[PDB]
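Below, in structure tokens: the form deposited without rhodamine 6G, a single chain.
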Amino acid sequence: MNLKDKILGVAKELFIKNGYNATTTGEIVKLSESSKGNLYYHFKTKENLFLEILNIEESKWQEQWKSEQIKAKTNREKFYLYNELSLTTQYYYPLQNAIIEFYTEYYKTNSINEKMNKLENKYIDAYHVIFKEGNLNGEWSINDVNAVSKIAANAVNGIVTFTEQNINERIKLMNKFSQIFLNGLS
């Protein structure tokens, strides 16, 4: 509906620019020329709207990587390439601040917390594959891929989120990191 995807996009950008709390359902309903009833009928609650957006963001990113990893022969390159993509992509990573702001608040309520761990698993799994495969084709030796994946992901999210900033300078930084990390596995 031109009244469904209409509110989804407005919510996305707002959550990206002002975070979760600052973004009120009212303003969303405002800039998206709709009613509190529409938002309600389509998303019920504000927190529900946010999880749906995270659900979509997770898919897009998943698809984008699914078709981008092919361009990298060795997993060592898929590592470099994945980290660089997370810098330029428009999916998921641009919403980290809001995600953490949301996670910390409703982490007690296990209802939606469970939902986020599910979204948290996929975003991590990407690294799992890279390292698991790297083991199979003898590119490196990692006894605990689960630990290395978690470390890599969060470490990277850190560079992406905490580092306007010159897009080229960021990539050189991300590559440097990528190099240092992989040479540490060896």
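All residue numbers are counted from 1 along the displayed sequence.
There is another form of the same protein, the form deposited with rhodamine 6G bound; it is not shown, and what comes next is about it.
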Because the test is whether 3 or more atoms of rhodamine 6G fall within 2.4 angstroms of backbone or C-beta atoms once its pose in the deposited bound form is superposed, the call for this site is blocked
Okay, which stretch from 153-161, 40-48, 132-140, 27-35 lines rhodamine 6G in the deposited bound form, with non-hydrogen atoms inside 4.5 Å?
153-161
Any chance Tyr93 has a heavy atom within 4.5 Å of rhodamine 6G in the deposited bound form?
yes
Using the partner position in the deposited bound form, report whether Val148 sits within 4.5 Å of rhodamine 6G, counting heavy atoms only.
no
With heavy atoms only and a cut-off of 4.5 Å, decide whether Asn75 touches rhodamine 6G in the deposited bound form.
no
Verify the contact flag for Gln69: yes if a non-hydrogen atom of it lies within 4.5 Å of a non-hydrogen atom of rhodamine 6G in the deposited bound form, no if not.
no
Scan 38-69 and note down the residues that get a heavy atom within 4.5 Å of rhodamine 6G in the deposited bound form; none is a fine answer too.
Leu54, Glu57, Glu58, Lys60, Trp61, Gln64
